[PDB]
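First comes the structure, then the notes that go with it.
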Amino acid sequence: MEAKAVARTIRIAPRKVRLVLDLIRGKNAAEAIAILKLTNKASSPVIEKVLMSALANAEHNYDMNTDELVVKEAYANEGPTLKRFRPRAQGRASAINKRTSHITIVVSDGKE
Amino acid sequence: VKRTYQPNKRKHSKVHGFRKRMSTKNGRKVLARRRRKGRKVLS
Amino acid sequence: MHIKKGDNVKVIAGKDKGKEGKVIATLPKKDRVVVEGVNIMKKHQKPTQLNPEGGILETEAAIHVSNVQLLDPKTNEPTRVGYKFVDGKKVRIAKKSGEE
Amino acid sequence: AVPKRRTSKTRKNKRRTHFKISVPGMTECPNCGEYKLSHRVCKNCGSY
RNA sequence: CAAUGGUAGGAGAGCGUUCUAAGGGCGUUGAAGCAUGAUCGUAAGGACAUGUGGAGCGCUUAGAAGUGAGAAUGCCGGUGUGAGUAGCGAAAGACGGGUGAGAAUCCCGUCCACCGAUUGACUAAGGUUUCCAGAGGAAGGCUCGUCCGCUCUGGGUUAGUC
RNA sequence: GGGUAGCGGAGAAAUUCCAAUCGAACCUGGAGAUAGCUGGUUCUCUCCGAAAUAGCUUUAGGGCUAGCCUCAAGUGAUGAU
RNA sequence: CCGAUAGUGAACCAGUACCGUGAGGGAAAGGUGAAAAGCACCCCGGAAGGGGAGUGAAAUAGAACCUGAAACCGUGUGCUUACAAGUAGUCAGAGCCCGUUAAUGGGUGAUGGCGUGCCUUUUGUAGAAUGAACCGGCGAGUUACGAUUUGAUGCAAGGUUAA
Ligand SMILES: [Zn+2]
C-alpha cells in the first residue's frame, strides 16, 4: 500500500529542493531520515518533516509497519511566485523572483 | 547633491491652496474643473 | 408574505415533499419560511466558550416559500388563498371553501 | 558580451549533468545504533 | 478530342465565425467548452467514440456584420534563456552563559577594537506616531532571526513667566 | 521672508539658466495637424495573366494620358505563317 | 447593442492606489454551493501544510473556492544513442515494442539517397539587409450622402413622388 504527505507553498526555489530529493528517492525510509539530518542544505529540515508525516500517516491511518517502508516517490512542484524589485544604478529597477515549492513524498511497504 | 523640492509648509499653502486659488478668476477655474472631475482634494 | 408564523402547511417541492408541518419563523426579506420537521440539517458543533466539543447538531433550515401551500380546514388539501373584505378588515379565504 | 541565441532545453540539461551533490560519509555509531559522520562526534548521546 | 507553372493585377465558385426570421429538433439517461484517437471531403474544413464538465446548443432556407493574424523595434497579460551566473552598498571582533522547535546573526557578561571640532550633547526646518510596554514571525529586512523604525492591542505629550 | 514668467524673465555674456529639459519651459485644447516617406494589412481552391517604356510635368524613388493584362457586350475572317 | 483585454477611466469603497511643486496624468481587480449545511473528532508538526473522519449530487465545489487551453517546470517508463560534421526534415529501410474509428495498422529507429528557415524589400537575399525571445488574447478599405456602370425586378411615351 502507499501513504502520502504534501507541504504546499514552502518558500524555497524548486531548483534548490530538487538536489536533496534526488538523494532519498528509492531509499529505505530508515536510511533517508539520516541522510536528511546529516546533510547541510537549507531544504533538509523542511523535507524530512514531510517524510516523517508520511510515515505517521502509514502507521496511524493505514496500519502499516514502519520497518519496511521505502521512499517511493519524492518530487517538488512549482508553486506561485512573488514579484519583488531591486533598485539599480541609474534610476531603473530589476525583477526579483521569490519562488515557492509544493513538496510530495510517498512511502510504500512494497506489496500487492 | 542638492535636489529640487526642498519642502516648506508655509510656502506650499501660499502658492497653492484654497485662498490663493479663490483670489483669481483663473484660480476659480482650476477649482471648478477639479470639482466636475470629482477629485477628493481640490488644493 | 402569504404565510404567517403559526400556519400549518404542506410541502410541494424539495425532497421532503408531502410532509405536513407547522411554520415557526418567516424571514421575509429573503422569502424563506422555516417549517418544523422539514429540511433537517447537520451542523458541526465545534467546542464553544460555554459549551462542549459536541457532535452534529440537528436542526431545521429555511425553505423557499414557493415550495409550500396552505391547507383549507374543511377538506384538508392544498389550496391558494384569496381575500374578501368583511368586518372592515382584510380576511384570508381558501379559494375553494370558507375562511381560515 | 551577450548571448547570440537562446539556450535550448537540451543544451541546458547537458550542462547540468554534473551539478549534483553526493551523500555524506555517515557511518553507524557503535554506542547507539545510529548514523554519524565519519571522524565527527555523534549528535545522539555524544560519544567518540 | 483539347486545355490546366505563375508575382503586380482582373474575373468566378466556395468554406468557417457571431446575431435575427421562419420551420423543424437535441439536451441532467448530461448542452457548450476542454483533452485524446489509427475517421471523412479536391481545399478552406465536417463528423463519431471515450475522458473531464454541469445548462444550454445544433440543423434547414433566407437576412445582417465589430466576420478569419505569424510578422507593424505592434499593445496587455505570464513564462522562459542568460543561471545557481553578477551582486549582497566604505570600517573588528572573540569566547562564555541564557533563552528557544530552530542561534555566526537575539539578550546578559568579560576582554579587545573604533570615533572623540565628533560615530558625543542640544536644537530650527521638514516628517507626522516612527515614541513606550506586553505579544508575534506570513510579507518587508539584500543572509539568518527567538529580533526590529515591520505586524497585533493597550498606552504616552500637563505651562500667568519657554 | 519676499519680487521679476515664455511674443516673457534673468545674465561680470557661455546660446548660460528658468524643477534631472531650453536656438525658445511645462500642461490641456484646435487635433485623427500634415507626412508624394518607411513599416504593417488576417480563410481556400479555379481560369487568364505584365510592366520596368513614349510624351508632358518646380518634374524625374511623385503624377497624368498612351502602350502592355483582365471581364462583358458587339462586329464577323478583316489576324498569323 | 457589449458581455469582464469588451461595455463608461471605473460591474469591485474610481477620478481611488500610484506619479507630479503645481496645472494635470491615471490603473489593475467579477463567479463556493440549491442551501453555510464553511470540514465536530483523531493523527504528524512550533505553526503553515497535510492524511483520515464527517457535511453535500459533487470538496481539486474548502473561501485566491464555475470551466481550466498554451508557453513553461517536473516524476515514471516502451524504443533509441559515446568514430560522430546535422535548416534537423523527406523518400527508402532492418531490428525491437504494441493492437485501432479494422485498414495494403500504430510507436521507435541501425544505415542509405536527396535537401542553405519564414516575412519584408529588391535587377538579384541562406544572406553577414529588415522584423519577430516563447505562448495567449486583440490589432487595419468602413458607412453617411452624391455621381457613374453592371445585374435583377415593376411599369412604359411615359416612369416616379418629397416634406
Ligand atoms: Zn551515538
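Chain identifiers are assigned as A, B, and so on, following the order in which chains appear in the C-alpha cells; residues are numbered from 1 within each chain, and ligands are numbered from 1 in order of appearance.
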Quiz item: What's the 9 Å shell around residue 44 of chain A, counting only C-alpha atoms (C1' of nucleotides), without same-chain residues fewer than 5 positions away, as JSON, numbers by chain?
Solution: {"A": [17, 20, 35, 36, 37, 38, 39, 49]}
Self-check item: Selection near segment 34-36 of chain G, 10 Å with only C-alpha atoms (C1' of nucleotides), sequence-local residues under 5 positions removed, as an NGL selection string
Solution: (:C and (14 or 39 or 41 or 43 or 61-63)) or (:G and (55-56))
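Around ligand 1, the neighbouring residues within 6 Å, taking only C-alpha atoms (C1' of nucleotides) and all ligand atoms, come to residues 29, 31, 32, 42, 44, 45, 46 and 47 of chain D.
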Using N, CA, C and O atoms, can you write the selected residues to a file as an mmCIF file, in the first residue's frame?
data_model
loop_
_atom_site.group_PDB
_atom_site.id
_atom_site.type_symbol
_atom_site.label_atom_id
_atom_site.label_comp_id
_atom_site.auth_asym_id
_atom_site.auth_seq_id
_atom_site.Cartn_x
_atom_site.Cartn_y
_atom_site.Cartn_z
ATOM 1 N N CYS D 29 26.901 4.381 14.350
ATOM 2 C CA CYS D 29 27.600 4.521 15.619
ATOM 3 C C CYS D 29 27.636 3.186 16.359
ATOM 4 O O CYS D 29 26.656 2.440 16.344
ATOM 5 N N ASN D 31 28.116 2.916 19.760
ATOM 6 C CA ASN D 31 27.459 3.083 21.053
ATOM 7 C C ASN D 31 25.946 2.968 20.918
ATOM 8 O O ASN D 31 25.313 2.147 21.589
ATOM 9 N N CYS D 32 25.353 3.785 20.060
ATOM 10 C CA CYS D 32 23.951 3.679 19.693
ATOM 11 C C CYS D 32 23.873 3.298 18.226
ATOM 12 O O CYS D 32 24.562 3.892 17.394
ATOM 13 N N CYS D 42 29.082 11.950 17.643
ATOM 14 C CA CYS D 42 27.695 11.567 17.434
ATOM 15 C C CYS D 42 26.775 12.616 18.043
ATOM 16 O O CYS D 42 26.965 13.028 19.189
ATOM 17 N N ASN D 44 23.900 12.250 19.174
ATOM 18 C CA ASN D 44 22.887 11.490 19.897
ATOM 19 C C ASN D 44 23.615 10.774 21.027
ATOM 20 O O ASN D 44 24.190 9.703 20.822
ATOM 21 N N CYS D 45 23.596 11.361 22.221
ATOM 22 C CA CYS D 45 24.452 10.908 23.316
ATOM 23 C C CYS D 45 25.917 10.941 22.882
ATOM 24 O O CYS D 45 26.562 9.910 22.690
ATOM 25 N N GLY D 46 26.423 12.163 22.721
ATOM 26 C CA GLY D 46 27.663 12.417 22.015
ATOM 27 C C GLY D 46 28.879 11.687 22.534
ATOM 28 O O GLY D 46 29.463 12.057 23.553
ATOM 29 N N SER D 47 29.282 10.661 21.796
ATOM 30 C CA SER D 47 30.394 9.797 22.139
ATOM 31 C C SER D 47 31.404 9.813 20.999
ATOM 32 O O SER D 47 31.081 10.154 19.860
#
Would you tabulate, counting only C-alpha atoms (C1' of nucleotides), all residues of chain D that have an atom at most 12 Å from an atom of chain G, showing the closest pair of atoms and their distance in Å to one decimal, sorted by chain then ascending number, as CSV?
residue,atom,partner,partner_atom,distance
D:3,CA,G:133,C1',11.5
D:4,CA,G:133,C1',11.2
D:5,CA,G:133,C1',9.1
D:6,CA,G:133,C1',7.5
D:7,CA,G:133,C1',10.6
D:8,CA,G:133,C1',11.7
D:9,CA,G:72,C1',11.1
Exercise. Using only C-alpha atoms (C1' of nucleotides), find which residues of chain B lie within 8 Å of chain G and jot them down as a PyMOL selection string.
Key: chain B and resi 5+16+30+37-39
Using N, CA, C and O atoms, can you export the residues from the last selection as a PDB file, in the first residue's frame?
ATOM      1  N   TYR B   5      12.813  70.572  -5.012  1.00  0.00           N
ATOM      2  CA  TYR B   5      11.902  70.255  -3.922  1.00  0.00           C
ATOM      3  C   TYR B   5      12.545  70.149  -2.552  1.00  0.00           C
ATOM      4  O   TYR B   5      12.795  69.052  -2.058  1.00  0.00           O
ATOM      5  N   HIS B  16       0.033  77.407  -3.566  1.00  0.00           N
ATOM      6  CA  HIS B  16      -1.024  76.509  -3.965  1.00  0.00           C
ATOM      7  C   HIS B  16      -1.944  76.425  -2.771  1.00  0.00           C
ATOM      8  O   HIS B  16      -1.473  76.307  -1.643  1.00  0.00           O
ATOM      9  N   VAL B  30      -9.639  76.570 -12.074  1.00  0.00           N
ATOM     10  CA  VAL B  30      -8.997  75.333 -11.643  1.00  0.00           C
ATOM     11  C   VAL B  30      -9.927  74.545 -10.732  1.00  0.00           C
ATOM     12  O   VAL B  30     -10.179  73.357 -10.950  1.00  0.00           O
ATOM     13  N   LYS B  37     -14.496  66.960 -12.340  1.00  0.00           N
ATOM     14  CA  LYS B  37     -13.844  65.657 -12.384  1.00  0.00           C
ATOM     15  C   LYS B  37     -14.144  64.838 -11.137  1.00  0.00           C
ATOM     16  O   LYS B  37     -14.158  63.605 -11.194  1.00  0.00           O
ATOM     17  N   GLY B  38     -14.372  65.500 -10.006  1.00  0.00           N
ATOM     18  CA  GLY B  38     -14.650  64.818  -8.763  1.00  0.00           C
ATOM     19  C   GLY B  38     -13.444  64.452  -7.936  1.00  0.00           C
ATOM     20  O   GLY B  38     -13.471  63.427  -7.259  1.00  0.00           O
ATOM     21  N   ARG B  39     -12.384  65.256  -7.962  1.00  0.00           N
ATOM     22  CA  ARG B  39     -11.208  64.976  -7.147  1.00  0.00           C
ATOM     23  C   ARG B  39     -11.537  65.063  -5.666  1.00  0.00           C
ATOM     24  O   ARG B  39     -12.333  65.896  -5.232  1.00  0.00           O
TER      25      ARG B  39
END
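Each of F:26, F:64, F:54, F:20 was compared to chain B using only C-alpha atoms (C1' of nucleotides), and F:20 turns out to be the nearest.
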Where does chain E meet chain D within 12 Å, residue by residue, with the nearest atom pair and distance in Å to one decimal for each, counting only C-alpha atoms (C1' of nucleotides), listed by chain and rising number, as a tab-separated table?
residue	atom	partner	partner_atom	distance
E:80	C1'	D:6	CA	9.7
E:81	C1'	D:6	CA	5.3
E:82	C1'	D:3	CA	6.8
E:83	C1'	D:12	CA	10.0
E:84	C1'	D:19	CA	9.5
Self-check item: Distance query residue 33 of chain A at most 12 Å, only C-alpha atoms (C1' of nucleotides), self and fewer than 3 positions along chain excluded, as a ChimeraX atom specification
Solution: /A:23-25,27-30,36-39,44-55,69-71 /D:26,34-35
Using the selection just defined, write its residues with N, CA and C atoms as a PDB file, in the first residue's frame.
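Wrote selection_18.pdb, looks like this:
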ATOM      1  N   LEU A  23      18.540  12.479  -3.523  1.00  0.00           N
ATOM      2  CA  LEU A  23      19.335  11.667  -2.620  1.00  0.00           C
ATOM      3  C   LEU A  23      18.521  10.580  -1.941  1.00  0.00           C
ATOM      4  N   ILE A  24      17.235  10.817  -1.694  1.00  0.00           N
ATOM      5  CA  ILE A  24      16.405   9.899  -0.929  1.00  0.00           C
ATOM      6  C   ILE A  24      15.429   9.137  -1.797  1.00  0.00           C
ATOM      7  N   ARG A  25      15.435   9.355  -3.105  1.00  0.00           N
ATOM      8  CA  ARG A  25      14.487   8.691  -3.989  1.00  0.00           C
ATOM      9  C   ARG A  25      14.844   7.213  -4.104  1.00  0.00           C
ATOM     10  N   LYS A  27      15.196   5.111  -1.518  1.00  0.00           N
ATOM     11  CA  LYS A  27      15.928   4.649  -0.352  1.00  0.00           C
ATOM     12  C   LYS A  27      14.956   4.085   0.671  1.00  0.00           C
ATOM     13  N   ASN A  28      15.481   3.290   1.592  1.00  0.00           N
ATOM     14  CA  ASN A  28      14.672   2.830   2.709  1.00  0.00           C
ATOM     15  C   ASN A  28      14.498   3.967   3.705  1.00  0.00           C
ATOM     16  N   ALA A  29      13.276   4.121   4.213  1.00  0.00           N
ATOM     17  CA  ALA A  29      12.944   5.301   4.998  1.00  0.00           C
ATOM     18  C   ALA A  29      13.759   5.412   6.278  1.00  0.00           C
ATOM     19  N   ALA A  30      14.342   4.315   6.759  1.00  0.00           N
ATOM     20  CA  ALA A  30      15.215   4.409   7.922  1.00  0.00           C
ATOM     21  C   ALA A  30      16.555   5.031   7.564  1.00  0.00           C
ATOM     22  N   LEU A  36      18.922  13.092   5.556  1.00  0.00           N
ATOM     23  CA  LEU A  36      18.380  14.441   5.597  1.00  0.00           C
ATOM     24  C   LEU A  36      18.812  15.213   6.826  1.00  0.00           C
ATOM     25  N   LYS A  37      19.107  14.531   7.925  1.00  0.00           N
ATOM     26  CA  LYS A  37      19.565  15.204   9.127  1.00  0.00           C
ATOM     27  C   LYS A  37      21.078  15.133   9.285  1.00  0.00           C
ATOM     28  N   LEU A  38      21.780  14.586   8.292  1.00  0.00           N
ATOM     29  CA  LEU A  38      23.233  14.632   8.198  1.00  0.00           C
ATOM     30  C   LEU A  38      23.685  15.394   6.963  1.00  0.00           C
ATOM     31  N   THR A  39      22.805  16.198   6.378  1.00  0.00           N
ATOM     32  CA  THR A  39      23.098  16.987   5.191  1.00  0.00           C
ATOM     33  C   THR A  39      23.035  18.467   5.535  1.00  0.00           C
ATOM     34  N   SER A  44      16.651  20.708   3.856  1.00  0.00           N
ATOM     35  CA  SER A  44      16.701  19.417   4.524  1.00  0.00           C
ATOM     36  C   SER A  44      15.803  19.332   5.751  1.00  0.00           C
ATOM     37  N   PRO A  45      15.768  20.339   6.623  1.00  0.00           N
ATOM     38  CA  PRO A  45      14.788  20.301   7.717  1.00  0.00           C
ATOM     39  C   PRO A  45      13.347  20.318   7.246  1.00  0.00           C
ATOM     40  N   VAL A  46      13.064  20.957   6.120  1.00  0.00           N
ATOM     41  CA  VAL A  46      11.705  21.015   5.607  1.00  0.00           C
ATOM     42  C   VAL A  46      11.296  19.688   4.985  1.00  0.00           C
ATOM     43  N   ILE A  47      12.209  19.036   4.268  1.00  0.00           N
ATOM     44  CA  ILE A  47      11.870  17.814   3.546  1.00  0.00           C
ATOM     45  C   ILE A  47      11.648  16.653   4.500  1.00  0.00           C
ATOM     46  N   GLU A  48      12.350  16.628   5.627  1.00  0.00           N
ATOM     47  CA  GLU A  48      12.260  15.461   6.491  1.00  0.00           C
ATOM     48  C   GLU A  48      11.044  15.482   7.399  1.00  0.00           C
ATOM     49  N   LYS A  49      10.457  16.646   7.665  1.00  0.00           N
ATOM     50  CA  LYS A  49       9.163  16.636   8.331  1.00  0.00           C
ATOM     51  C   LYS A  49       7.998  16.522   7.355  1.00  0.00           C
ATOM     52  N   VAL A  50       8.270  16.328   6.070  1.00  0.00           N
ATOM     53  CA  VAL A  50       7.265  15.869   5.123  1.00  0.00           C
ATOM     54  C   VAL A  50       7.391  14.359   5.066  1.00  0.00           C
ATOM     55  N   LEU A  51       8.601  13.870   5.328  1.00  0.00           N
ATOM     56  CA  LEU A  51       8.874  12.441   5.282  1.00  0.00           C
ATOM     57  C   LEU A  51       8.387  11.754   6.546  1.00  0.00           C
ATOM     58  N   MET A  52       8.518  12.429   7.689  1.00  0.00           N
ATOM     59  CA  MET A  52       8.054  11.852   8.940  1.00  0.00           C
ATOM     60  C   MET A  52       6.543  11.899   9.036  1.00  0.00           C
ATOM     61  N   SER A  53       5.918  12.888   8.405  1.00  0.00           N
ATOM     62  CA  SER A  53       4.466  12.939   8.382  1.00  0.00           C
ATOM     63  C   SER A  53       3.885  11.844   7.500  1.00  0.00           C
ATOM     64  N   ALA A  54       4.586  11.462   6.435  1.00  0.00           N
ATOM     65  CA  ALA A  54       4.105  10.374   5.597  1.00  0.00           C
ATOM     66  C   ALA A  54       4.272   9.026   6.278  1.00  0.00           C
ATOM     67  N   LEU A  55       5.319   8.861   7.090  1.00  0.00           N
ATOM     68  CA  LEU A  55       5.467   7.639   7.870  1.00  0.00           C
ATOM     69  C   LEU A  55       4.451   7.567   8.990  1.00  0.00           C
ATOM     70  N   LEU A  69       9.207   0.294   5.231  1.00  0.00           N
ATOM     71  CA  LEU A  69       8.736   1.383   4.388  1.00  0.00           C
ATOM     72  C   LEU A  69       9.880   1.907   3.534  1.00  0.00           C
ATOM     73  N   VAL A  70       9.547   2.385   2.340  1.00  0.00           N
ATOM     74  CA  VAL A  70      10.518   2.896   1.385  1.00  0.00           C
ATOM     75  C   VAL A  70       9.993   4.201   0.804  1.00  0.00           C
ATOM     76  N   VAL A  71      10.915   5.062   0.389  1.00  0.00           N
ATOM     77  CA  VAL A  71      10.562   6.283  -0.324  1.00  0.00           C
ATOM     78  C   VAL A  71      10.250   5.905  -1.765  1.00  0.00           C
TER      79      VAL A  71
ATOM     80  N   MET D  26      28.826   9.254   6.799  1.00  0.00           N
ATOM     81  CA  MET D  26      27.636   8.782   7.503  1.00  0.00           C
ATOM     82  C   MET D  26      27.684   7.275   7.778  1.00  0.00           C
ATOM     83  N   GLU D  34      22.970   3.913  15.037  1.00  0.00           N
ATOM     84  CA  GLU D  34      22.599   5.254  14.614  1.00  0.00           C
ATOM     85  C   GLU D  34      23.360   5.584  13.343  1.00  0.00           C
ATOM     86  N   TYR D  35      23.409   6.867  13.015  1.00  0.00           N
ATOM     87  CA  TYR D  35      24.206   7.346  11.905  1.00  0.00           C
ATOM     88  C   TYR D  35      24.900   8.636  12.305  1.00  0.00           C
TER      89      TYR D  35
END
